[PDB]
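> below: the sequence, then the experimentally determined structure.
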Amino acid sequence: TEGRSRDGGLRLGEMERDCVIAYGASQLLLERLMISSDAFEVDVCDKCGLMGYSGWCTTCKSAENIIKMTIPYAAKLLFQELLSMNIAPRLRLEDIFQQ
Amino acid sequence: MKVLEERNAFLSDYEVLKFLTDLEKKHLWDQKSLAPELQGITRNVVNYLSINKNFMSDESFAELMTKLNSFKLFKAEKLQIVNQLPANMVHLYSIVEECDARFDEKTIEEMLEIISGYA
Amino acid sequence: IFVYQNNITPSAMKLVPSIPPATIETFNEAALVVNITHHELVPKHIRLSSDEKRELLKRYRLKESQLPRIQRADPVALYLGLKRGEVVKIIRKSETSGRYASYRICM
Amino acid sequence: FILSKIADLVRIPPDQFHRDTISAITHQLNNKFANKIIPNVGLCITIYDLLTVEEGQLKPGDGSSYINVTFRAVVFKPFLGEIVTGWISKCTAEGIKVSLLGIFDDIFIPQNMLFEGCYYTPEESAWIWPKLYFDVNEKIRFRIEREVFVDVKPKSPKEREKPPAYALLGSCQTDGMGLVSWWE
Amino acid sequence: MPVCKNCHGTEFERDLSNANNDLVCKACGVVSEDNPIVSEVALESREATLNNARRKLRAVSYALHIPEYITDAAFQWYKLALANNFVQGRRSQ
Amino acid sequence: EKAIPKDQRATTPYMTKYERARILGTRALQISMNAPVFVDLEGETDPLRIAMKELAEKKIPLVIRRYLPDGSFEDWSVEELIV
Amino acid sequence: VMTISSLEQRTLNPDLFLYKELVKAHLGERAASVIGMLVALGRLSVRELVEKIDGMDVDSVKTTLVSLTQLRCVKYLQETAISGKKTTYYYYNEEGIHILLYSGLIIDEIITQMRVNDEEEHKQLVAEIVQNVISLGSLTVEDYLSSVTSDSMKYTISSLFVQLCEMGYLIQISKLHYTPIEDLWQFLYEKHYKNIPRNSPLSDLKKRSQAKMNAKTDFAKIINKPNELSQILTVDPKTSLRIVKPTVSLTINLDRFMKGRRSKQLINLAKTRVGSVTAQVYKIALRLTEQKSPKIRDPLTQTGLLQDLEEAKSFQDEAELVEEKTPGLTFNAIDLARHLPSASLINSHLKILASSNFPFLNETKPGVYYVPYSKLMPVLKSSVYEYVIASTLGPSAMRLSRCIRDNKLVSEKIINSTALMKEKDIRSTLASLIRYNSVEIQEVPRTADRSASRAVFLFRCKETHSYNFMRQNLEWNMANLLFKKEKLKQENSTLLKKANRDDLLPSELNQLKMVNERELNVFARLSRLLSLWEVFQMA
Amino acid sequence: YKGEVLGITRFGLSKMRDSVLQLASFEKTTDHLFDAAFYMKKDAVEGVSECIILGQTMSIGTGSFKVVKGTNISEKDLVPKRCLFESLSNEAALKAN
Amino acid sequence: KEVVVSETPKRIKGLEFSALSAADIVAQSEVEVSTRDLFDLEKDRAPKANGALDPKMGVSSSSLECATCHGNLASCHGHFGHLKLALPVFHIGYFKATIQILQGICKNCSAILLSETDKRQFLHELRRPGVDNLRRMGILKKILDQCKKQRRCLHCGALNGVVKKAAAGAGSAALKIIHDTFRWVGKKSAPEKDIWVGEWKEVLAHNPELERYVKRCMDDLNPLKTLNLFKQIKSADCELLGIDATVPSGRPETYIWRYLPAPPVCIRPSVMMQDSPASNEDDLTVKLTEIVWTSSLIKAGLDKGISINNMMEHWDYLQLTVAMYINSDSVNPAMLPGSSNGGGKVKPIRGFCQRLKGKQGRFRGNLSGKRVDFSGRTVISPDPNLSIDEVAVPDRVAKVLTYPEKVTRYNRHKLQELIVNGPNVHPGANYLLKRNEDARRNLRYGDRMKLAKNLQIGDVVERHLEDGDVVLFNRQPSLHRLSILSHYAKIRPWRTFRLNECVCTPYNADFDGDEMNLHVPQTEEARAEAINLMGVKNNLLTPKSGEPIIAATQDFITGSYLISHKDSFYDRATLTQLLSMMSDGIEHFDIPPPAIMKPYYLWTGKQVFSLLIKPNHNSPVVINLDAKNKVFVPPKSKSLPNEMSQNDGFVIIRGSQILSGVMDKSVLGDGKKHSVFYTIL
Ligand SMILES: [Zn+2]
Ligand SMILES: [Zn+2]
Ligand SMILES: [Zn+2]
Ligand SMILES: [Zn+2]
C-alpha cells in the first residue's frame, strides 16, 4: 500500500531500478521486484497455455498438465487484463535443468 | 519423467528377494537387528514369496536352466515354472502353448524330477 | 555498367533487374565526382573471399545473419558493388585503442 | 516383477551432503516411489540399480542441487494369462476380488471362464460348484488376463474416490482353480 | 468469526503497533492472515418518479431547515406507502 | 555443442568477479540449509561471513559452468580458477 | 458449455472442416491430418511438411502421399527449379473427396444405366464393379478381370465390357488431368509469351492479344484431349466386338454426374411449374441432352486467366452463344418417341414443347422445336434459389424478399406501402432476415454529416452474397452430422468391430436397431442435405 | 548496428528489437500490443528489461552463467549386477521356430 | 495406490500472442453475464443472482466466498465472464489493422486480389528462414500496397473500392468504414455504372427528393456484412494477410467481437462500503454492466418489434460503448447520454486501455516501477566516527525492521537466546516460523522459553536489523550507477539515518534537510551479491571517467590542510594524542624519527599525515606519487622539479612519506585521476 500515513512501503521506480542493472546483480532483482513485491504462484497448462487455478486449465477440462510455478502477481494481473480484452500471450515452457 | 524402456528385463525373484534381504542387512535388517517407512512393503515383498518356499537355494538357479534349455517353453512360463506350480502334472500343462501336446512323457516328467532338485 | 547523365527515369527502373546470370551497375554521375572511397571519414573496406567468410564465422563460432549489416545500395556498398551475402572486413583508423577492424555484410 | 530402464530428475536436499551420493539418490527415489505406483507401466518397489549420473545442475533460489539420471528399477509387471496364489477379501456374488497379503486387493476376477456350474450363498461362499467354495488368506490359484491403468484424477473444485488405478481381471477355466487342493 | 488453525482460539486481536497490522488470537500466536487488503483513493416507471420524489421532497423539505437526515428518513416512508400504492389517486402534495 | 575438454581452455584464469558474487551467495545459501563446512571455523557464525573466511582457503566444492553464445558449455572448478 | 452446443466442433472452421473428417472417418489415422494442413496453408513442399505437421517425416509422408495418389486425393505438381535439381508442390485434387462424399449418388448414376438389366443381381454386379473402381480409383479392364476370376464370360460378369464407354465412366489421368487447373494454365500459358518470333521491340499488346488467343485456342484441344478420345474406345479384338482400350487405367468424371443429378432438380423445378405429363415429357427430353451438355463443366476459363470488364463479359458471351448453335446440332430439333409408357397420335402431342414456356426453356430455332441450353443453365441458375427460406424462415419473408429481388434500394414505408404486413411484422421478418445476410443494407446521411438517428435507410439484395452465403450450409450440419455419425461409433465401438468380424445378448439386439435406424437418419439425412447443397457450389 | 542511423525514440527503437512487451515498457503500448497479437508474433523472453516482468532470472551479470557443484562420483559403481534371469531361459525360445 | 507425481521445474520461454476464438472465450468462463447489474437487491446489499457480479465469478470485499474457488481474497485469482451479443460488434483495438484485413481482398467474391506465381513469389519470400519482425512489417507492407493499385478482382470480374476510414476523428463514424466504386473515369462506363444508376432509378422514380441532395455516399460494410464476408475468406492468403492458421486463430473471423470476455471481479472491485451505506462503483463494472442493457434491448427489441430506424444507433451505441470500454477514441462527441448519466460529462470514463498507458499504473509506473516492502525512510546526519560503508540505522526502526533467517547448528545459540529477548529489547526477534510452514508466530501471544527450546533445524525466524547486517541505501533523484550503494549495518541511538561522509557525493547528499530510503535484502544470495559486489569498497570508483568519486569533502579537505600546512609544527605529546585521534585507540605505532631536534625535537604535519597512510613497520602499504595541487605557483623555471616553488609545488611522496606540499583537494580531493586514495586502491 502506498506512501506513509495509510501505511508504509516505498517506491523503486524505473530510473532508480535501471541502476542495479549496471552492477549486473540479478538476485537483487529476483528478491526485489519478485519475492518481496508480490510472491505469487499461478497454475498454468502446457497445452493451450493460459492461467488456471488448482486443478483445471478450464479451457481444456484437464486436471493434469498444470505446472505450479511463481510469477509476479502484478504479471498475472497484466495477463488477465489483456486476456480480459481480446488477446492471448499463451505461454511456452522449458526444462530449467537438463542443459 | 519419461520412461525410456518400459519392458526391459523380465525379472522373477531368485536372488532378487535375497538381494532385498541384502539391502535389508544394509538398512535396518528387519526386526532382529536390535541385538524411512520403506520397510513396510519389504515384509509384503518377502511374505508369500518366502512362505511358499517354506511351505531355498542358490546354485539351483544355475541347475535350473541346464536341461530346461531344450524345451519349447519360450520365456513366459519358463520363468513362471520356477515358483508357482512346482512342475507337476496338469499344473505345468495348464499354461504354456503345447506344454504336453507334441512333447509329453519325459518332457512333463523331467519337470517333476528337476523341481525335486529344488522344490 | 553505366551511369545516368542527368535525368533518371523510373520507367527504365520499372524493370532494372533484367538478367540473373549477369548483373547491372547503374549510377547517376552527380553522386560520383570525388570518389567516396578516397575521402577521409570512410575507413578502408576489404571484400573477402566467400571461403574466408566461413573461416571467420568459425573463428568466432558464428552462423550467418546475426552480424553487423550494410544496407544494400549503400554508395560504399555500391562502390564495391556488393551482392547478397557478401562480407567486408573494415579497418577503422583512429587513435583511441588504435588501428583495428570489424566486419559487416550486405543485407 | 520385471526390470525397466527409466529416467527422471532428482532434487538432493542440502542436509545429505555429508552422505554418499547414491544413498541420497536412493533415499530420494524411495520417498518418491516406495509404496507408490508408476502410471501406465506398473508399481515400483525400490530402484534396483543406477547409472549415468551427471554434473549436478542448480537453480538460484533453492540452492539444493539437482541431478537427473536414469536407471533400471524394481517394478511389478505380470503377464496376461497366469495362475497364482490369492484369495477372496471383499467380493460380490458375480466375480471375486482376489488378494495377496499386504500388496493390494485391487485385483477383481469376474466370472466368465469361471465354471458354469455354480451356486452363490450369502453365507461364506461366492460360487460352489458340482467343486466347492474357497477361503480368505488361503493359497488360491487364480488366473488373470487383462490389466487396466486408470489414472483418472478429476481433482476439482467441483469434487473437493475410486482409486483402482492398477486393476486386474480373470476367472477359473480349469480345475484346481479357486481351491488348490482340487489339484495338488 | 473464524478460529485458530491449531489452538482453537476464537478471540482475535489485531496488533497495529508496529505498523504490520497483523491479527492474531491471544490463544495461539499465529496470525491467520498476511497483510490485510484495503481500499484506495434512469429509465423506469417507478425510479424516475422517485428521483422526482426526493427532488420535490428534498426541495420542499429543507425550506423549513428541517434536518437533511430526517428528510432521508421520510423518503423511505414514501417508498413504503409507494409499496402499498397509497400514492396512487391523491394530490402529491 | 557438447562439453569442451580441459585441454582446450579459452578465458581468463582470473575470477568472473561475479564468481565472487553468485559463488558466495549460493555457498552461504547452502550453509543456511545446514550443510557441513569444510574450513576451520572459529567461534563466529552467520551464513555469509564463514563462507568468506572459507574462500581464502579455496575449499569450496563448486564448479562454474560457462556458456559461450553458441552453447559450447564450459567448466571450471572454483579451486581450479585463480584470484 | 457441456459440449452439446459443440461450439468448438462448431464455431470457427468453415470449408476444410468438412474435409478433415472426410478423410478421418474415411481414411484417417496419420493419413488424415496432412490433408487439412494442406488445405490450410495450400502450396506446400515435401520437405516443408514435417517442419510443421510433425507427421513423422517421410514415413507417413511418402506413405500418405501415395495413398492420396491411388485415390488421387491431392493435386500433384512436379517441376524443377531455375538453378537446377527438382521441386514439387501439391494441392488438393479438385475437391478430391467430393468424388467420394457423393458416393452412393454415383450408385444412382448407374440408375441411368439401370436399363437393359432391371431389378437384377447384375445391377448389384455392375454395382460391385463401380464401387470397386471408385474405391481403387483408376483401373484397367485387364487388371480388373485379372483380379476377377478368369475363365468365365467376358460379356457376362458385368456386361459393362461394351458399356464401359457410354457417357460417364472414366478417362485416364493425363498430365494436366489431376494437375492444378490454374497451374496448368500457367504452364500452357507458356510457349506463347515464351515463344515470341521477335515481332516488335515494344507493345506487348499486339503480342499479347494474339498469344492469349494462342493460349485460348490451344487450351481448347488441351482440355478436349481428355474430353473424349477413341484410341481408347477403338479396340475391337478378334472373336470379340469393339471395346475401349483394356490396357489403361481411366477414372470417373463427375460431368455426367453434374448434369444427371441437377437435371433431377430441374424435373423438380418444372415439376412445380408444369404438369405431370408435360413434366415427364421434359424429363425424357433430358436423356439425350445430358450427354454433351457442358453444364458445370462451365468454369474452365473461370480460374487462373485474366478477366476483363470487357473481355470477360465479352469472351463469356461466347459460352452464352456456343451451345445454342453448334452443339445445338447434338441438341433437340426433331426427336421421335423416346419410349412412352400420350399414346395414340404422338406427333402433335410432341408440340408439348410449346406449353413449356416460362421462365425457362421454350427457345428454339424459328420453326423447329428446340430448348435453349447455353443460356438456359444461366437463366436457370438465377432461378434456383427462391423458396429456400419459405418454411425455412417465414412465409411472408419470401414475398417481401422476393419483392426485394425486383425492387431495389427503397425504404420501409415504401415496403410497408407495396404489399401487406404491419410494422410489428415487417420489421420482425426483415430483422429476422438480416439475422442471416440477404440484406446488404444501404444508408445515406439525412440532416447530419455521418451519423445514425438523423439518417435514412435503404434495402437491396446483391445476389452475389445470396448465391454465396449458403455455403456454411455445408458447414451447417453436413460435416457436423458426419461427426454425429462418427461421434456415435465410439459408443458401439466395443461392439462394432466385434459385431462386424463376428458375422448375441439382449441389449446388443436392442442397440442394433438404435444404431441402424440411426444410420437411416444420418446418411439419408445427407441425401436430403447434399441434394440442396448441390446448387450454390456450382454456378 | 542494423543498417544505418536510427534509434532512441518510438520509431527508432522500433527497429529490430523484437521484444514487444518492452516496446510496451516505452510508449504507445495500445497499438503495439494489439498490433503484435494481430501478426501472431512468436517473440521470446530475452531482454533484461523484459526479464523482470516475468520475474525469472536475469539473463546477464550474476545470471551470466549456470552454476554446477562437484559430483565427486565414480562411474565404476555404475556397473550393474544380475544373475541374468534373461540368459538362463533364453534357449527355450531358440529352437523349433 | 498413489500414482507417482513427477513434477518438474519449468521456466518461461517465449510468449505466444494470438487472438481468442469465439470458442475458447466462452469455453472458459462460468456464466453468461445476461441479466443486468441490478444486484437484484433484496435481503442484502447486492445479493446479485447471476449478473455482472457473481460470487462464482469472483469476489470484491472479503466477506463471501468465490464458489468456484472459495477462500475469498486469500484464494481466488478470479474468473472471466462471457457475453451473448446481439449482432456482431465492431472492434476499436484491431480497427486500423482490420481495415487492411478487409482491404486486400475483393469485396464481392472474397478472394485475395493478387494471384498466380506472384502470390507464390511473396509466399516463397516469406518462407526464407531469414524472416524478421521487420520483414514481417515491411514485406507484408510491400505485398499489401499491391492491393490498392489492382482495379479488378480475378474471378469475380467486379471492380473494388478503397476504405478511407469513414469521416474523420469524430469518433462517431470512426468505427464506420466506407469503400466505393472508384475511378469511374467519368467516360469509360463500367457496367456497374448502368447497374448503379439503375439501382437509384426506382426511388428516383419514387421519392425524387433526397437522392440528388445528399449523394455519392457509395457503400459501407456492416460488421455483420464483414462477419459473413470473412466466412468466404478462407485458407489461401492467411499469413499473406499476416496470420498463420494452425487452429485457434481459425482465420480472421476472430478479430471482430462475437462474444465478450468479462473481467474477473478480482481485477476491478467495487470499492467497499467503508463505514456506512456508500458503495463506491467501478467504471468497467458500470460500463459493461450497461453493455448488458444495450445488448438486451437489441435482444428483445429486434426479437419482435422496434424498427430498422431505431435499430442502428442502438447497435451503433453498442460498438461505440465497448469501444470506449477498452480505449480512448472520442471523449465527448455531442452524443447525449444514456442510463445512469446526469449529463455533466465528468471526464472519468476511460482507463482500461489507459490503465496500462501513462503515469502511475501498469504501463511502466507500477509494474516496471513496483512499490517495495522491507524498507524505511528518514533524514540524514553525519558520523565521521562511523566507518565508511556502514549506514548507522536508528534502532527504533530496527525494532520493526526484520530479516529472514534459517536456523541450524551455528545459529541456535544466538537465535535460541535471541528469541528469549522478545521483540521489544533490541537484540532479538519478533516473528518465528516452524518447519511446518503453517503461517508464522509473532511474539504477542507469549511463551518463548519452552517454545524456544523446540527450535528444530528446519526452522525459520526473523531478526531485527543487527550489527553486521546487510543494507542497501538510496536517494530518490537517482542520476546514475552510483545512485544506489550498499553498506554494512551498525546500530546507535537517537533516530535518523547516519552515514560516513566520504560517500556523500555518490548520493550527491547535501545533508541539509533531505531524505533517503533504507532497504535490506531477504534471501541470503542477495546479501552476498550486494555486499561483496554492489557495496562500497568494490564500487569506490565512478564508472564514467573511472575516478574515485568518494573522497574528503568540505571540512575533511580543509581540515587536512591545516594539519598539512607547512608553517605548523607539533609536539611528541601533541603528535601522540593526534595519532590517537586519527585511529581510535587500538592500532600500534612506531614513531618516526623527530623532524627537527635541537630546539625541542618538533615534528611536522607532513610526517603525521604521512603516518596516516603507513601507520606501522608491519603496515603493508608503500606509495610514491607526485602531482599538481591547485593554485600551482611557478617556481623559477630553471628549477626542474615543480616540487620546489616559492610556495609548495608538486606534492611528492617517495617511500610513502610525504615529501613536500599542502594537499587540499588535489591528492585526496577527488577531482583528478591521480589521487592519494585512488593510488592506494
Ligand atoms: Zn490447457
Ligand atoms: Zn489461534
Ligand atoms: Zn474462484
Ligand atoms: Zn472477387
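Structure's in. What do you need? Numbering: from 1, shown residues only, chains lettered A, B, ... in the order given. Ligands and ions are numbered 1, 2, ... in the order given.

> quick one, helices of chain H?
H:10-13, H:20-23, H:29-39, H:48-54, H:85-89 (DSSP state H).

> which one of the ones you listed lies closest to chain B?
Of all the helices of chain H, it is helix H:85-89 that lies closest to chain B, at 3.6 Å by Cβ to the nearest Cβ. Quick note: C-beta positions are derived from backbone N, CA and C, even for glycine.

> circling back: turn the helices of chain H into a markdown table, including mean neighbour count.
Shown next, in a markdown table, are those (neighbours: other Cβ atoms under 10 Å in any protein chain shown):
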| stretch | mean neighbour count |
| --- | --- |
| helix H:10-13 | 12 |
| helix H:20-23 | 21 |
| helix H:29-39 | 21 |
| helix H:48-54 | 21 |
| helix H:85-89 | 19 |
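
> closest to chain C out of those helices?
Each of these has some distance to chain C by Cβ to the nearest Cβ; the shortest is helix H:10-13, at 15.5 Å.

> contact partners of the closest one?
H:6, H:7, H:23, H:26, H:27, H:28 (Cβ atoms under 8 Å, 6 or more residues apart in numbering or on different chains).

> C-alpha coordinates for it, PDB please?
C-alpha atoms of helix H:10-13 as PDB (Å, rounded to 0.1, in the frame of the first residue of the first chain):
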ATOM      1  CA  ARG H  10       9.400   5.300 -30.700                       C
ATOM      2  CA  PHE H  11      10.100   5.000 -34.300                       C
ATOM      3  CA  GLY H  12      13.800   4.500 -33.800                       C
ATOM      4  CA  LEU H  13      13.600   1.900 -31.000                       C
END
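
> could the helices of chain H go into JSON lines alongside distance to residue G:502?
JSON lines is the format used below for the helices of chain H (distance: least, Cβ to Cβ, whole Å):
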{"stretch": "helix H:10-13", "distance to residue G:502": "71"}
{"stretch": "helix H:20-23", "distance to residue G:502": "61"}
{"stretch": "helix H:29-39", "distance to residue G:502": "54"}
{"stretch": "helix H:48-54", "distance to residue G:502": "58"}
{"stretch": "helix H:85-89", "distance to residue G:502": "38"}
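
> tell me which of the ones you listed approaches residue B:74 most closely.
Closest approach to residue B:74 among the helices of chain H (Cβ to Cβ): helix H:85-89, 8.2 Å.

> output the contacting helices and strands for the closest one.
In terms of contacts (3 or more Cβ pairs under 8 Å, 6 or more residues apart in numbering or on different chains; DSSP states H and E), helix H:85-89 is packed against helix B:60-68, helix B:76-80.

> deepest-packed of these, please.
helix B:76-80 (a mean of 22; mean count of other Cβ atoms under 10 Å in any protein chain shown).

> check whether the helix or strand just after that one contacts chain D.
Going down the chain from helix B:76-80, the next helix or strand is helix B:89-93, by DSSP states H and E. Yes. Judged by Cβ under 8 Å from any Cβ of the partner chain, helix B:89-93 comes into contact with chain D at B:89, B:90, B:91.

> quick check, distance from the helix or strand following helix B:89-93 to the centre of its chain.
Downstream of helix B:89-93, the next assigned helix or strand under DSSP H and E is helix B:105-116. Centre-to-centre, helix B:105-116 and its host chain are 17 Å apart (Cα atoms, centre = their mean, to the nearest Å).

> contacts for helix B:105-116?
Contacts for helix B:105-116 (Cβ under 8 Å, 6+ apart): B:63-64, B:67-68, B:71, B:81, B:86-89, B:92-93, B:99-100.

> may I ask which of the residues you listed has the most neighbours?
When neighbours are counted by other Cβ atoms under 10 Å in any protein chain shown, residue B:81 leads the contacts of helix B:105-116 with 26 neighbours.

> tell me which element the closest residue to residue C:87 other than its chain neighbours falls in.
Closest residue to residue C:87 in three dimensions, ignoring its sequence neighbours and counting by Cβ to Cβ, 6 or more residues apart in numbering or on different chains: residue C:105, at 4.6 Å. Using DSSP H and E, residue C:105 maps to strand C:100-106.

> and the strands in chain G?
Secondary structure of chain G (DSSP state E): strands at G:74-79, G:87-92, G:442-444, G:456-458.

> measure how the first one sits relative to strand G:87-92, angle-wise.
It refers to strand G:74-79. Here the directions of strand G:74-79 and strand G:87-92 differ by 160 degrees (axes from the mean of the first three to the mean of the last three Cα atoms, to 10 degrees).

> how about the CA coordinates for strand G:74-79, as CSV?
Provided in CSV are the C-alpha atoms of strand G:74-79 (Å, rounded to 0.1, in the frame of the first residue of the first chain):
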residue,chain,number,x,y,z
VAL,G,74,-4.3,-34.3,-53.9
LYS,G,75,-3.0,-32.2,-56.8
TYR,G,76,0.4,-33.4,-58.0
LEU,G,77,2.7,-30.8,-59.2
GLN,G,78,6.2,-31.7,-60.3
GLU,G,79,8.8,-29.4,-61.8
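
> list the buried ones in it?
Of all the residues in strand G:74-79, those buried under the rule 16 or more other Cβ atoms under 10 Å in any protein chain shown are G:74, G:75, G:76, G:77.

> need the residues you listed in a markdown table (columns: distance to residue F:63).
What follows is the buried residues of strand G:74-79, written out as a markdown table (distance: Cβ to Cβ, whole Å):
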| residue | distance to residue F:63 |
| --- | --- |
| G:74 | 56 |
| G:75 | 58 |
| G:76 | 58 |
| G:77 | 57 |
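
> one step back: now do the strand holding residue C:105: everything it contacts.
Here strand C:100-106 has contacts from C:56, C:64, C:67-70, C:72, C:77, C:82-92, using Cβ under 8 Å, 6+ apart.

> do the same with stretch D:101-116
Here stretch D:101-116 has contacts from B:41, B:43-44, B:47-48, D:86, D:89-91, D:94-99, D:118, D:127, D:129, D:137, D:142-144, D:164, D:166-173, D:178, I:1, using Cβ under 8 Å, 6+ apart.

> report the beta-bridge partners for the residue in chain I positioned nearest to chain H.
Nearest residue of chain I to chain H: residue I:17, at 4.0 Å (Cβ to the nearest Cβ). With DSSP bridges applied, residue I:17 shows beta-bridge pairing to residue A:89.

> show me the domain layout of chain D.
D:1-76, D:82-182 (CATH domains of a matching chain).
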